[PDB]
Amino acid sequence: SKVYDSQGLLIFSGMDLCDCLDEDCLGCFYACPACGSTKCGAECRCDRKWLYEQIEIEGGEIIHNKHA
Amino acid sequence: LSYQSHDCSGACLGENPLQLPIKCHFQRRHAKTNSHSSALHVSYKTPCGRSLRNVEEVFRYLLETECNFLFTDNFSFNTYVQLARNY
Ligand SMILES: [Zn+2]
Ligand SMILES: [Zn+2]
Ligand SMILES: [Zn+2]
């Protein structure tokens, strides 16, 4: 089932979260080609059926999704 | 590499050419989905905290930052390439 609504807000909480997984990020991407948002990663958040559980920095820290 | 909302410019900005961006304070990031069968997406984070999705956006970033010394093959979006190991 969907994790985000048609605008790329989380269904569970309604929050508008950057795919870089810093909960406080303003949106660090260029405009998403599909919806315009600076918060969408490789795949648009709108109606997406998954979220990122973690991000591994090559040579560095693992970042965990603070919400999941 | 926190991001503050900005328009990029020049002020934003080796044995192994794959390590050159990392020496210039880029990060290479591997994002793991929560799908039952997991997918990985590679992105780069720039020195000014911009996230880049693909080589077209790397090109845009190097144009905006007037960077003449990084090229297409200094970057890889392949989830199985390790920058330390695949050179
Ligand atoms: Zn972000
Ligand atoms: Zn989008
Ligand atoms: Zn910048």
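Positions of Cβ are generated from backbone atoms using ideal geometry, with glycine treated the same way; all protein chains shown enter the neighbour counts. Any read-out appearing in this document is the output of simple, stated calculations on the displayed coordinates, not a laboratory observation.
Per residue Cα convex hull volume for the protein assembly as shown, in cubic angstrom?
Taking only Cα atoms, the protein assembly as shown has a hull volume of 111 Å³ per residue.
Relative contact order for chain A: what percent, with Cα pairs under 8 Å and sequence separation of 6 or more?
Worked out over chain A, it gives 32 percent.
Using only Cα atoms, locate the centre of the range A:26-68 and the centre of the range B:3-79, then give the distance between them in Å, rounded to an integer.
One Cα centre to the other: 14 Å.
In debye to the nearest 20, how big a dipole does chain A give about its Cα centre with +1 on each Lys and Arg Cβ and -1 on each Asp and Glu Cβ?
The dipole of chain A has a size of about 340 debye.
Rounded to the nearest 0.05, what FRET efficiency is calculated for B:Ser35 and B:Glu56 with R0 set to 25 Å and r the Cβ-Cβ distance?
FRET efficiency, B:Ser35 to B:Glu56: 0.50.
Give the long-range amide H neighbours of A:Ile63: residues separated by 5 or more places, or on another chain, with amide H under 5 Å away, using H modelled in the peptide plane at 1.01 Å from N.
Correct list: A:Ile55, A:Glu56, A:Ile57.
With both bridge residues required to lie in the protein assembly as shown, what share of the DSSP beta bridges run antiparallel, to the nearest 5%?
Restricted to the protein assembly as shown, the bridges split so that about 95 percent are antiparallel.
Among the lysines, select those whose C-alpha is under 22 Å from the C-alpha of B:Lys32, and discard any that sit fewer than 8 residues away in the same chain.
A:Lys2, A:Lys39, A:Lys49, A:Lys66, B:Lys45
Modelling each spin label as a point 7 Å along the Cα-to-Cβ direction, I'd like the B:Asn16/A:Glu61 distance in nm, to one decimal.
Roughly 2.2 nm, to one decimal.
Amide H neighbours of B:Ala39 under 5 Å, counting only residues 5+ apart in sequence or on other chains, H built in-plane at 1.01 Å?
B:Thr33
Stretched out fully, how many nm does the piece from A:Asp5 to A:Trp50 gain, at 0.36 nm a residue minus the Cα gap?
15.0 nm
Exposure proxy check: B:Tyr80, B:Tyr3 ranked by fewest other beta carbons within 10 Å?
Arranged by neighbour count, lowest to highest, B:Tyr80, B:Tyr3 become B:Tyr80, B:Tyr3.
Going by a ≥ b ≥ c, the root eigenvalues of the Cα gyration tensor, does the range B:13-74 fall in the rounded group (a/c under 1.5), the prolate group (a/b larger than b/c) or the oblate group?
Prolate, because a/c is 1.5 or more and a/b exceeds b/c.
In debye, nearest 20: dipole of the range B:13-74 around its Cα centre with unit charges on the Cβ of K, R (+) and D, E (-)?
Approximately 340 debye in magnitude.
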